[PDB]
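A.B. asks: This is work-v5.cif, which holds mmCIF, C-alpha atoms and all ligand atoms:
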```cif
data_final
loop_
_atom_site.group_PDB
_atom_site.id
_atom_site.type_symbol
_atom_site.label_atom_id
_atom_site.label_comp_id
_atom_site.auth_asym_id
_atom_site.auth_seq_id
_atom_site.Cartn_x
_atom_site.Cartn_y
_atom_site.Cartn_z
ATOM 1 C CA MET A 1 77.676 80.627 103.979
ATOM 2 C CA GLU A 2 74.142 79.428 104.681
ATOM 3 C CA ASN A 3 73.722 82.246 107.189
ATOM 4 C CA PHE A 4 73.589 84.619 104.239
ATOM 5 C CA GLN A 5 71.177 84.715 101.316
ATOM 6 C CA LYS A 6 72.840 85.916 98.112
ATOM 7 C CA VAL A 7 70.838 88.733 96.538
ATOM 8 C CA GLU A 8 73.140 89.429 93.593
ATOM 9 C CA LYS A 9 76.722 89.973 92.445
ATOM 10 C CA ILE A 10 78.093 93.475 93.090
ATOM 11 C CA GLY A 11 81.321 93.046 91.154
ATOM 12 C CA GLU A 12 84.867 91.717 91.045
ATOM 13 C CA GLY A 13 87.404 93.159 93.444
ATOM 14 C CA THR A 14 91.186 92.954 93.615
ATOM 15 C CA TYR A 15 91.283 89.819 95.789
ATOM 16 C CA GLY A 16 87.960 88.116 95.040
ATOM 17 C CA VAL A 17 84.277 88.277 94.070
ATOM 18 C CA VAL A 18 81.851 90.539 95.980
ATOM 19 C CA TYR A 19 78.168 89.791 96.617
ATOM 20 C CA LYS A 20 75.225 91.720 98.062
ATOM 21 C CA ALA A 21 73.678 89.452 100.721
ATOM 22 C CA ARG A 22 71.077 89.356 103.484
ATOM 23 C CA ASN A 23 71.746 88.118 107.022
ATOM 24 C CA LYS A 24 68.993 85.508 107.380
ATOM 25 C CA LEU A 25 68.975 85.920 111.168
ATOM 26 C CA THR A 26 69.027 89.719 111.543
ATOM 27 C CA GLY A 27 67.657 90.725 108.150
ATOM 28 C CA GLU A 28 70.714 92.969 107.753
ATOM 29 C CA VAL A 29 71.783 93.712 104.135
ATOM 30 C CA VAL A 30 75.577 93.605 103.661
ATOM 31 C CA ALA A 31 78.490 93.282 101.198
ATOM 32 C CA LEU A 32 80.270 89.916 101.327
ATOM 33 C CA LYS A 33 83.827 89.653 99.984
ATOM 34 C CA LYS A 34 85.770 86.433 99.289
ATOM 35 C CA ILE A 35 89.570 86.725 99.639
ATOM 36 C CA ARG A 36 92.392 84.858 97.886
ATOM 37 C CA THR A 37 96.657 80.701 99.513
ATOM 38 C CA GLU A 38 97.156 77.279 101.095
ATOM 39 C CA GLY A 39 95.337 78.306 104.258
ATOM 40 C CA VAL A 40 95.672 82.085 104.619
ATOM 41 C CA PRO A 41 98.639 83.491 106.613
ATOM 42 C CA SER A 42 97.980 83.901 110.338
ATOM 43 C CA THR A 43 99.715 87.286 110.306
ATOM 44 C CA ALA A 44 97.051 88.619 107.926
ATOM 45 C CA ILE A 45 94.200 87.394 110.158
ATOM 46 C CA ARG A 46 95.432 89.206 113.260
ATOM 47 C CA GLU A 47 96.104 92.394 111.296
ATOM 48 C CA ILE A 48 92.688 92.439 109.631
ATOM 49 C CA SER A 49 90.811 91.594 112.834
ATOM 50 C CA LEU A 50 92.137 94.743 114.525
ATOM 51 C CA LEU A 51 90.319 96.769 111.857
ATOM 52 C CA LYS A 52 86.966 95.893 113.443
ATOM 53 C CA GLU A 53 87.604 98.704 115.948
ATOM 54 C CA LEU A 54 88.536 101.362 113.346
ATOM 55 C CA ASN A 55 85.061 102.968 113.304
ATOM 56 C CA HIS A 56 84.162 106.402 111.823
ATOM 57 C CA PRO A 57 81.240 107.891 109.792
ATOM 58 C CA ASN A 58 83.370 108.190 106.641
ATOM 59 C CA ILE A 59 84.922 104.696 106.809
ATOM 60 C CA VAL A 60 82.987 101.637 105.496
ATOM 61 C CA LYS A 61 82.341 99.473 108.579
ATOM 62 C CA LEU A 62 83.943 96.031 108.919
ATOM 63 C CA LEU A 63 81.264 93.815 110.487
ATOM 64 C CA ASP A 64 83.033 90.432 110.702
ATOM 65 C CA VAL A 65 86.063 88.433 109.562
ATOM 66 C CA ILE A 66 85.494 84.727 108.879
ATOM 67 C CA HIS A 67 88.249 82.176 108.223
ATOM 68 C CA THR A 68 86.919 78.707 107.435
ATOM 69 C CA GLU A 69 87.881 75.840 105.120
ATOM 70 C CA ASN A 70 91.038 77.835 104.389
ATOM 71 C CA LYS A 71 88.930 80.569 102.765
ATOM 72 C CA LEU A 72 88.600 84.170 103.965
ATOM 73 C CA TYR A 73 85.354 86.162 104.019
ATOM 74 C CA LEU A 74 84.993 89.822 104.994
ATOM 75 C CA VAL A 75 81.524 91.174 105.828
ATOM 76 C CA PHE A 76 81.073 94.934 105.233
ATOM 77 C CA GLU A 77 78.415 97.656 105.561
ATOM 78 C CA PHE A 78 76.502 97.983 102.226
ATOM 79 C CA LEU A 79 76.203 101.192 100.145
ATOM 80 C CA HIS A 80 74.296 101.458 96.842
ATOM 81 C CA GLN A 81 76.875 103.088 94.518
ATOM 82 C CA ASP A 82 80.624 103.780 93.991
ATOM 83 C CA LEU A 83 82.266 107.045 92.798
ATOM 84 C CA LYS A 84 83.564 105.586 89.535
ATOM 85 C CA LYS A 85 80.030 104.774 88.337
ATOM 86 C CA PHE A 86 78.778 108.143 89.603
ATOM 87 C CA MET A 87 81.494 110.039 87.711
ATOM 88 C CA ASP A 88 80.708 108.166 84.481
ATOM 89 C CA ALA A 89 76.998 108.876 84.919
ATOM 90 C CA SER A 90 77.899 112.528 85.541
ATOM 91 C CA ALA A 91 80.073 112.868 82.421
ATOM 92 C CA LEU A 92 77.761 115.052 80.301
ATOM 93 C CA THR A 93 77.340 117.829 82.860
ATOM 94 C CA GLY A 94 79.923 117.116 85.552
ATOM 95 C CA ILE A 95 79.532 116.880 89.332
ATOM 96 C CA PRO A 96 78.509 120.304 90.775
ATOM 97 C CA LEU A 97 81.345 122.075 92.635
ATOM 98 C CA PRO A 98 79.478 122.200 95.964
ATOM 99 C CA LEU A 99 79.179 118.397 95.877
ATOM 100 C CA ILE A 100 82.818 117.890 94.808
ATOM 101 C CA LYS A 101 83.801 120.078 97.787
ATOM 102 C CA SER A 102 81.550 118.186 100.234
ATOM 103 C CA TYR A 103 82.945 114.844 99.095
ATOM 104 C CA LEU A 104 86.586 116.014 99.397
ATOM 105 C CA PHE A 105 85.894 117.436 102.895
ATOM 106 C CA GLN A 106 84.381 114.100 104.054
ATOM 107 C CA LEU A 107 87.162 112.020 102.502
ATOM 108 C CA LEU A 108 89.807 114.141 104.273
ATOM 109 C CA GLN A 109 87.959 113.527 107.578
ATOM 110 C CA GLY A 110 88.158 109.761 106.995
ATOM 111 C CA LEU A 111 91.902 109.971 106.243
ATOM 112 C CA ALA A 112 92.624 112.149 109.291
ATOM 113 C CA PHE A 113 90.897 109.545 111.502
ATOM 114 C CA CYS A 114 92.729 106.490 110.139
ATOM 115 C CA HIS A 115 96.101 108.263 109.974
ATOM 116 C CA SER A 116 95.784 109.343 113.641
ATOM 117 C CA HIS A 117 95.573 105.626 114.437
ATOM 118 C CA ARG A 118 98.591 104.758 112.277
ATOM 119 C CA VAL A 119 96.595 103.016 109.540
ATOM 120 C CA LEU A 120 97.081 103.846 105.854
ATOM 121 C CA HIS A 121 95.153 102.655 102.802
ATOM 122 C CA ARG A 122 97.804 102.716 100.049
ATOM 123 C CA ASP A 123 95.519 101.942 97.088
ATOM 124 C CA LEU A 124 92.788 104.593 96.903
ATOM 125 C CA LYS A 125 90.797 104.872 93.661
ATOM 126 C CA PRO A 126 87.275 106.032 92.630
ATOM 127 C CA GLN A 127 86.078 102.415 92.679
ATOM 128 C CA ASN A 128 86.584 102.082 96.452
ATOM 129 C CA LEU A 129 84.893 105.341 97.496
ATOM 130 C CA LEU A 130 81.203 104.540 98.203
ATOM 131 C CA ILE A 131 78.157 106.875 98.324
ATOM 132 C CA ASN A 132 74.506 106.966 99.536
ATOM 133 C CA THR A 133 71.339 109.051 98.934
ATOM 134 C CA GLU A 134 71.948 111.188 102.047
ATOM 135 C CA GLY A 135 75.029 112.888 100.604
ATOM 136 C CA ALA A 136 77.679 110.878 102.472
ATOM 137 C CA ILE A 137 80.799 109.297 100.961
ATOM 138 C CA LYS A 138 82.959 106.620 102.655
ATOM 139 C CA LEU A 139 86.391 105.054 102.107
ATOM 140 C CA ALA A 140 86.454 101.256 101.635
ATOM 141 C CA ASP A 141 89.242 98.690 102.152
ATOM 142 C CA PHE A 142 91.513 100.616 104.540
ATOM 143 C CA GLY A 143 94.284 98.332 105.812
ATOM 144 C CA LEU A 144 93.913 95.496 103.283
ATOM 145 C CA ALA A 145 96.936 96.461 101.146
ATOM 146 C CA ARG A 146 99.234 96.009 104.140
ATOM 147 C CA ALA A 147 97.774 92.604 104.977
ATOM 148 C CA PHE A 148 97.691 91.158 101.438
ATOM 149 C CA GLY A 149 100.002 93.434 99.449
ATOM 150 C CA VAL A 150 99.077 95.167 96.167
ATOM 151 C CA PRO A 151 99.374 92.762 93.173
ATOM 152 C CA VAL A 152 100.190 93.529 89.548
ATOM 153 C CA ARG A 153 96.975 91.762 88.409
ATOM 154 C CA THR A 154 93.682 90.883 90.160
ATOM 155 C CA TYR A 155 92.377 87.358 90.751
ATOM 156 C CA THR A 156 90.707 87.548 87.314
ATOM 157 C CA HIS A 157 93.944 88.736 85.641
ATOM 158 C CA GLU A 158 92.746 92.343 85.269
ATOM 159 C CA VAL A 159 95.434 95.055 85.511
ATOM 160 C CA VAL A 160 95.572 96.907 88.846
ATOM 161 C CA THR A 161 95.465 100.636 88.043
ATOM 162 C CA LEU A 162 98.589 102.804 88.483
ATOM 163 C CA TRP A 163 96.810 106.160 87.956
ATOM 164 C CA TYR A 164 96.704 107.127 91.626
ATOM 165 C CA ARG A 165 100.118 105.824 92.776
ATOM 166 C CA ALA A 166 102.456 108.301 94.553
ATOM 167 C CA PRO A 167 105.878 108.994 92.958
ATOM 168 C CA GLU A 168 107.909 107.723 95.943
ATOM 169 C CA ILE A 169 106.349 104.272 95.461
ATOM 170 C CA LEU A 170 107.162 104.308 91.726
ATOM 171 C CA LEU A 171 110.765 105.284 92.539
ATOM 172 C CA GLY A 172 111.203 102.268 94.832
ATOM 173 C CA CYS A 173 110.735 103.595 98.376
ATOM 174 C CA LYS A 174 110.668 100.769 100.926
ATOM 175 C CA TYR A 175 108.607 102.547 103.592
ATOM 176 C CA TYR A 176 105.243 104.208 102.948
ATOM 177 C CA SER A 177 104.035 107.238 104.905
ATOM 178 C CA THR A 178 100.513 108.628 105.247
ATOM 179 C CA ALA A 179 101.468 111.008 102.430
ATOM 180 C CA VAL A 180 100.760 108.301 99.849
ATOM 181 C CA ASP A 181 96.994 108.585 100.508
ATOM 182 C CA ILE A 182 97.003 112.391 100.218
ATOM 183 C CA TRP A 183 98.618 112.043 96.760
ATOM 184 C CA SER A 184 95.918 109.609 95.592
ATOM 185 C CA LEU A 185 93.085 111.812 96.890
ATOM 186 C CA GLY A 186 94.627 114.809 95.123
ATOM 187 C CA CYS A 187 94.554 112.911 91.807
ATOM 188 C CA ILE A 188 90.902 111.955 92.425
ATOM 189 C CA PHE A 189 90.003 115.603 93.273
ATOM 190 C CA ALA A 190 91.456 116.773 89.924
ATOM 191 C CA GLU A 191 89.515 114.061 88.020
ATOM 192 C CA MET A 192 86.171 115.109 89.548
ATOM 193 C CA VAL A 193 86.824 118.706 88.435
ATOM 194 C CA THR A 194 87.999 118.116 84.846
ATOM 195 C CA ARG A 195 86.101 114.866 84.156
ATOM 196 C CA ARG A 196 89.299 113.229 82.919
ATOM 197 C CA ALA A 197 91.998 111.273 84.784
ATOM 198 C CA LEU A 198 95.017 113.422 85.726
ATOM 199 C CA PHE A 199 97.820 110.851 85.108
ATOM 200 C CA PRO A 200 96.414 107.822 83.153
ATOM 201 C CA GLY A 201 99.605 105.753 82.872
ATOM 202 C CA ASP A 202 99.673 102.329 81.233
ATOM 203 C CA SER A 203 103.037 101.116 82.658
ATOM 204 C CA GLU A 204 105.249 102.133 85.593
ATOM 205 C CA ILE A 205 107.516 104.335 83.442
ATOM 206 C CA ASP A 206 104.583 105.871 81.529
ATOM 207 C CA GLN A 207 102.958 106.753 84.873
ATOM 208 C CA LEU A 208 106.171 108.342 86.204
ATOM 209 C CA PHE A 209 106.871 110.309 83.016
ATOM 210 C CA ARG A 210 103.271 111.629 82.866
ATOM 211 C CA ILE A 211 103.767 112.988 86.380
ATOM 212 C CA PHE A 212 107.103 114.579 85.333
ATOM 213 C CA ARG A 213 105.618 116.176 82.197
ATOM 214 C CA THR A 214 103.020 118.062 84.263
ATOM 215 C CA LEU A 215 104.809 118.840 87.551
ATOM 216 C CA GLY A 216 108.385 118.978 86.228
ATOM 217 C CA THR A 217 111.149 116.391 86.586
ATOM 218 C CA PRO A 218 112.083 116.474 90.306
ATOM 219 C CA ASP A 219 115.539 117.541 91.524
ATOM 220 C CA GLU A 220 117.430 117.902 94.822
ATOM 221 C CA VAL A 221 116.041 121.437 95.172
ATOM 222 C CA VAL A 222 112.405 120.388 95.449
ATOM 223 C CA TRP A 223 112.933 116.829 96.728
ATOM 224 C CA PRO A 224 116.002 116.267 98.966
ATOM 225 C CA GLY A 225 117.280 112.745 98.360
ATOM 226 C CA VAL A 226 115.384 111.952 95.151
ATOM 227 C CA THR A 227 118.531 111.200 93.122
ATOM 228 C CA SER A 228 119.505 108.461 95.611
ATOM 229 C CA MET A 229 116.236 106.532 95.407
ATOM 230 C CA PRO A 230 116.325 102.834 94.300
ATOM 231 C CA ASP A 231 114.794 103.277 90.838
ATOM 232 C CA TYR A 232 115.948 106.805 90.000
ATOM 233 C CA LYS A 233 118.031 107.007 86.790
ATOM 234 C CA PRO A 234 120.159 110.060 85.858
ATOM 235 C CA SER A 235 118.967 109.479 82.270
ATOM 236 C CA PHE A 236 115.360 110.577 83.022
ATOM 237 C CA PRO A 237 114.339 113.359 80.583
ATOM 238 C CA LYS A 238 114.145 116.870 82.113
ATOM 239 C CA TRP A 239 110.699 118.432 81.687
ATOM 240 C CA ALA A 240 109.620 121.911 82.822
ATOM 241 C CA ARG A 241 106.735 122.344 85.298
ATOM 242 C CA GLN A 242 103.330 123.499 83.984
ATOM 243 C CA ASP A 243 100.898 126.073 85.420
ATOM 244 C CA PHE A 244 97.918 124.738 87.414
ATOM 245 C CA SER A 245 95.618 127.191 85.619
ATOM 246 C CA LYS A 246 96.156 124.945 82.591
ATOM 247 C CA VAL A 247 96.013 121.611 84.471
ATOM 248 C CA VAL A 248 92.691 121.943 86.290
ATOM 249 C CA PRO A 249 90.597 124.663 84.637
ATOM 250 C CA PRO A 250 88.295 126.223 85.673
ATOM 251 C CA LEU A 251 89.001 125.601 89.395
ATOM 252 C CA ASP A 252 89.466 128.774 91.513
ATOM 253 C CA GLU A 253 92.670 129.858 93.316
ATOM 254 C CA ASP A 254 91.628 128.356 96.685
ATOM 255 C CA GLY A 255 91.174 125.010 94.941
ATOM 256 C CA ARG A 256 94.402 125.266 92.919
ATOM 257 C CA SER A 257 96.337 126.199 96.076
ATOM 258 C CA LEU A 258 95.049 123.135 97.973
ATOM 259 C CA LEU A 259 95.685 120.749 95.059
ATOM 260 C CA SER A 260 99.259 122.025 94.676
ATOM 261 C CA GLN A 261 99.912 121.195 98.333
ATOM 262 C CA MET A 262 98.416 117.677 97.981
ATOM 263 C CA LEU A 263 100.737 116.983 95.008
ATOM 264 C CA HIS A 264 104.029 118.262 96.485
ATOM 265 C CA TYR A 265 106.876 115.871 95.468
ATOM 266 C CA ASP A 266 108.618 115.594 98.881
ATOM 267 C CA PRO A 267 106.465 113.295 101.091
ATOM 268 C CA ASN A 268 107.660 115.087 104.237
ATOM 269 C CA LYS A 269 106.296 118.421 102.939
ATOM 270 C CA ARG A 270 103.061 117.180 101.314
ATOM 271 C CA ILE A 271 100.053 118.547 103.269
ATOM 272 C CA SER A 272 98.464 116.356 105.980
ATOM 273 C CA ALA A 273 94.747 115.485 106.054
ATOM 274 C CA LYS A 274 94.342 117.435 109.301
ATOM 275 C CA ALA A 275 95.955 120.589 107.861
ATOM 276 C CA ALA A 276 93.976 120.303 104.627
ATOM 277 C CA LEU A 277 90.676 120.429 106.567
ATOM 278 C CA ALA A 278 91.613 123.954 107.691
ATOM 279 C CA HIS A 279 92.466 125.251 104.175
ATOM 280 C CA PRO A 280 90.474 128.341 102.990
ATOM 281 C CA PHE A 281 88.908 126.216 100.206
ATOM 282 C CA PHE A 282 86.472 124.798 102.788
ATOM 283 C CA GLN A 283 85.169 128.150 104.097
ATOM 284 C CA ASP A 284 81.797 127.732 102.349
ATOM 285 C CA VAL A 285 81.424 123.943 102.437
ATOM 286 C CA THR A 286 77.862 122.526 102.587
ATOM 287 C CA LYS A 287 76.267 119.059 102.327
ATOM 288 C CA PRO A 288 74.287 118.659 99.055
ATOM 289 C CA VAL A 289 72.517 115.445 98.067
ATOM 290 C CA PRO A 290 73.395 113.724 94.760
ATOM 291 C CA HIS A 291 70.780 112.722 92.202
ATOM 292 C CA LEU A 292 70.682 108.930 92.394
ATOM 293 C CA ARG A 293 68.276 106.684 90.496
ATOM 294 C CA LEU A 294 68.675 103.228 92.044
HETATM 295 N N1 LIG B 1 80.534 97.719 100.564
HETATM 296 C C1 LIG B 1 79.868 97.832 99.367
HETATM 297 O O1 LIG B 1 78.658 98.025 99.389
HETATM 298 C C2 LIG B 1 80.567 97.703 98.163
HETATM 299 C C3 LIG B 1 81.757 96.907 98.146
HETATM 300 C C4 LIG B 1 82.542 96.709 96.963
HETATM 301 N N2 LIG B 1 83.609 95.972 97.071
HETATM 302 O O2 LIG B 1 83.697 95.062 98.019
HETATM 303 O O3 LIG B 1 84.654 96.157 96.310
HETATM 304 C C5 LIG B 1 82.094 97.343 95.713
HETATM 305 N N3 LIG B 1 82.708 97.214 94.539
HETATM 306 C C6 LIG B 1 82.948 95.818 94.006
HETATM 307 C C7 LIG B 1 84.126 95.726 93.026
HETATM 308 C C8 LIG B 1 84.042 96.841 91.988
HETATM 309 N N4 LIG B 1 85.161 96.714 91.068
HETATM 310 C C9 LIG B 1 84.116 98.212 92.668
HETATM 311 C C10 LIG B 1 82.968 98.410 93.668
HETATM 312 C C11 LIG B 1 80.906 98.144 95.750
HETATM 313 C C12 LIG B 1 80.132 98.344 96.951
HETATM 314 N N5 LIG B 1 79.040 99.087 96.955
HETATM 315 C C13 LIG B 1 78.637 100.041 95.857
HETATM 316 C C14 LIG B 1 77.909 99.294 94.756
HETATM 317 C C15 LIG B 1 76.798 98.480 95.000
HETATM 318 N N6 LIG B 1 76.134 97.785 94.019
HETATM 319 C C16 LIG B 1 76.618 97.922 92.749
HETATM 320 N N7 LIG B 1 76.021 97.284 91.823
HETATM 321 N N8 LIG B 1 77.689 98.688 92.393
HETATM 322 C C17 LIG B 1 78.314 99.360 93.416
#
```
Kindly return the structure encoded in the file as structure tokens.
Ligand SMILES: NC(=O)c1cc([N+](=O)[O-])c(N2CCC(N)CC2)cc1NCc1cnc(N)nc1
C.D. replies:
Amino acid sequence: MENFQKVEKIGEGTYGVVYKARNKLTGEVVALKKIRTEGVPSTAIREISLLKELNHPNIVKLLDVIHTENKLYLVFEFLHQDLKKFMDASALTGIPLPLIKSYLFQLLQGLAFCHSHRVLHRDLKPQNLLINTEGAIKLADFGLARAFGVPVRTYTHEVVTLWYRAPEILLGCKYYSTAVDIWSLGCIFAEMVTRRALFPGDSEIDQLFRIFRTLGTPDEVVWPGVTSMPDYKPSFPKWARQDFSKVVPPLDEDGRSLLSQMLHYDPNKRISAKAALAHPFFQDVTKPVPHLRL
């Protein structure tokens, strides 16, 4: 990559290292990602290349896909900060509600766009939601989970987080619907409000039981077909459902209503991104600018 001048390391992703770099010919500043492999499957190349046309203001733009010397490089639009770092930096006082609302509204717009084109993300987390000084937030890595799969550990052996994984995935479902992304965004929404992760599991069963302890152990009444799922066991403990007023205080009733619909157990009934954009919670939405010291 002598076409790019490395400025500095941004971090370590799931599949490889990420660098901030400058296009020596156009002066463009970008994010360069190296991806895991005896030559890279051809099926993955075709799938990823189609993503170059999935353009929207709330989706991080894929500039180029380069396969050479059996290595894979993805060139992306560059943004200065990610939501995980912003949340940590905002721990003492918390992110103001008008900004939490603006970010959720924008994220739902990005999901509605991708979902209308039959593309899901499958592994949303604060670390892949990027922000700028203008008040915008964008979703990164849409479509990569399908092409490469989601591993148990990263290329550096770090544990891939389970905190935002939908229950149907944990129970062994073979086919994923767009509902899996709505679940993840709901968990992220709750974390911005309370300043603590909603379901911080440290194993697949710990993650599932934390969900059950808060929302109640699911049954055929709320989730038709749950007892027939691949990893369901009749021996699961039976916990009672808790009140949202206790789960996400001090969020108002419009906010609690919307979150409850984003965390519905049955994937077929969970609210869609398009329907969520019309929820009363967004009646007074605005576009504030965050305080960023770069
Ligand atoms: N497209 C991008 O500009 C971008 C891409 C990735 N990525 O390709 O993953 C990324 N992460 C790397 C792996 C980390 N575990 C999570 C965040 C961060 C980005 N930008 C925000 C940012 C810029 N600079 C610094 N120092 N920190 C954050």
A.B. asks: Compute the set of protein, DNA and RNA residues whose minimum atom distance to ligand LIG 1 (chain B) is at most 9 Å, using all atoms listed in the file, and state it as a ChimeraX atom specification.
C.D. replies: /A:8-14,16-20,30-34,60-61,74-85,126-132,140-141
A.B. asks: Can you tell me which residues surround residue 148 (chain A) at a distance of at most 10 Å, considering only C-alpha atoms, apart from same-chain residues fewer than 6 positions away, and format the answer as a PDB file with C-alpha atoms, keeping the file's coordinate frame?
C.D. replies:
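In the end it all went to around-v4.pdb:
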```pdb
ATOM      1  CA  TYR A  15      91.283  89.819  95.789  1.00  0.00           C
ATOM      2  CA  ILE A  35      89.570  86.725  99.639  1.00  0.00           C
ATOM      3  CA  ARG A  36      92.392  84.858  97.886  1.00  0.00           C
ATOM      4  CA  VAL A  40      95.672  82.085 104.619  1.00  0.00           C
ATOM      5  CA  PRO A  41      98.639  83.491 106.613  1.00  0.00           C
ATOM      6  CA  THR A  43      99.715  87.286 110.306  1.00  0.00           C
ATOM      7  CA  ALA A  44      97.051  88.619 107.926  1.00  0.00           C
ATOM      8  CA  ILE A  48      92.688  92.439 109.631  1.00  0.00           C
TER       9      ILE A  48
END
```
A.B. asks: Determine the nearest neighbour of residue 101 (chain A) from the options A:286, A:3, A:227, A:133, counting all atoms listed in the file.
C.D. replies: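 Among the listed residues, A:286 lies closest to residue 101 (chain A).
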A.B. asks: Care to translate the PyMOL selection byres (((chain A and resi 259) around 12) and not hetatm) into actual residues of this file, as a PyMOL selection string?
C.D. replies: chain A and resi 104+182-191+193+198+215+244-245+247-248+251-258+260-264+270-271+276+279+281
A.B. asks: As a check of understanding, name the residues that the PyMOL selection byres (((chain A and resi 159) around 12) and not hetatm) selects in the supplied structure, as a compact mmCIF listing (two decimals) with C-alpha atoms, keeping the file's coordinate frame.
C.D. replies:
```
# COMPACT_ATOMS: atom_id res chain seq x y z
CA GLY A 13 87.40 93.16 93.44
CA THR A 14 91.19 92.95 93.62
CA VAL A 150 99.08 95.17 96.17
CA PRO A 151 99.37 92.76 93.17
CA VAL A 152 100.19 93.53 89.55
CA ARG A 153 96.98 91.76 88.41
CA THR A 154 93.68 90.88 90.16
CA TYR A 155 92.38 87.36 90.75
CA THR A 156 90.71 87.55 87.31
CA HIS A 157 93.94 88.74 85.64
CA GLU A 158 92.75 92.34 85.27
CA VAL A 160 95.57 96.91 88.85
CA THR A 161 95.46 100.64 88.04
CA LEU A 162 98.59 102.80 88.48
CA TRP A 163 96.81 106.16 87.96
CA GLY A 201 99.60 105.75 82.87
CA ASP A 202 99.67 102.33 81.23
CA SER A 203 103.04 101.12 82.66
```
A.B. asks: Under the rule that all atoms listed in the file are counted, which of A:1, A:170, A:205, A:112 is the nearest residue to residue 73 (chain A)?
C.D. replies: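 The answer is A:1, which sits nearest to residue 73 (chain A).
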A.B. asks: Enclose region 265-278 of chain A, meaning all of its atoms listed in the file, in a box aligned along x, y and z, pad it by 6 Å on each side, and list the centre and edge lengths in Å to one decimal, as JSON.
C.D. replies:
```
{"center_x": 99.6, "center_y": 118.6, "center_z": 102.4, "size_x": 29.9, "size_y": 22.7, "size_z": 25.8}
```
A.B. asks: When you count all atoms listed in the file, which of these residues is closest to residue 208 (chain A): A:144, A:278, A:294, A:171?
C.D. replies: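 Looking only at the distances to residue 208 (chain A), the closest residue turns out to be A:171.
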A.B. asks: Within 10 Å of residue 57 (chain A), counting only C-alpha atoms, which residues qualify if same-chain residues fewer than 3 places away don't, as an MDAnalysis selection string?
C.D. replies: chainID A and resid 60:61 106 109:110 113 136:139
A.B. asks: Quick one: pull the distance between CA of residue 283 (chain A) and CA of residue 134 (chain A), Å, one decimal.
C.D. replies: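 According to the coordinates, CA of residue 283 (chain A) and CA of residue 134 (chain A) are separated by 21.6 Å.
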A.B. asks: Could you pull region 88-101 of chain A out of the block above and give me N, CA and C atoms, as a short mmCIF file (atom, residue, chain, number, x, y, z; two decimals), in the first residue's frame?
C.D. replies:
```cif
data_model
loop_
_atom_site.label_atom_id
_atom_site.label_comp_id
_atom_site.auth_asym_id
_atom_site.auth_seq_id
_atom_site.Cartn_x
_atom_site.Cartn_y
_atom_site.Cartn_z
N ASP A 88 -17.82 6.66 27.47
CA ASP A 88 -16.89 6.62 28.61
C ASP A 88 -16.53 8.04 29.03
N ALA A 89 -16.26 8.90 28.06
CA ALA A 89 -15.91 10.28 28.34
C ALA A 89 -17.10 11.06 28.90
N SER A 90 -18.30 10.53 28.70
CA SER A 90 -19.51 11.19 29.18
C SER A 90 -20.07 10.53 30.45
N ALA A 91 -19.27 9.68 31.08
CA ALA A 91 -19.69 8.96 32.28
C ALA A 91 -20.15 9.81 33.47
N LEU A 92 -19.34 10.80 33.84
CA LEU A 92 -19.65 11.66 34.98
C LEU A 92 -20.99 12.38 34.94
N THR A 93 -21.37 12.89 33.78
CA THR A 93 -22.62 13.63 33.66
C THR A 93 -23.67 13.00 32.76
N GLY A 94 -23.25 12.07 31.90
CA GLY A 94 -24.18 11.42 31.00
C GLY A 94 -24.45 12.24 29.75
N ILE A 95 -24.83 11.56 28.67
CA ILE A 95 -25.15 12.21 27.40
C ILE A 95 -26.53 12.85 27.54
N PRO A 96 -26.67 14.15 27.22
CA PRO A 96 -27.97 14.84 27.33
C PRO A 96 -29.06 14.12 26.53
N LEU A 97 -30.27 14.06 27.07
CA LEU A 97 -31.38 13.38 26.39
C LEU A 97 -31.65 13.84 24.96
N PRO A 98 -31.53 15.16 24.68
CA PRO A 98 -31.79 15.57 23.29
C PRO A 98 -30.79 14.96 22.32
N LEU A 99 -29.56 14.73 22.78
CA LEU A 99 -28.53 14.15 21.92
C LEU A 99 -28.74 12.63 21.79
N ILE A 100 -29.16 11.98 22.88
CA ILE A 100 -29.43 10.55 22.85
C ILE A 100 -30.54 10.33 21.82
N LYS A 101 -31.57 11.17 21.89
CA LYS A 101 -32.71 11.07 20.96
C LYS A 101 -32.30 11.30 19.51
#
```
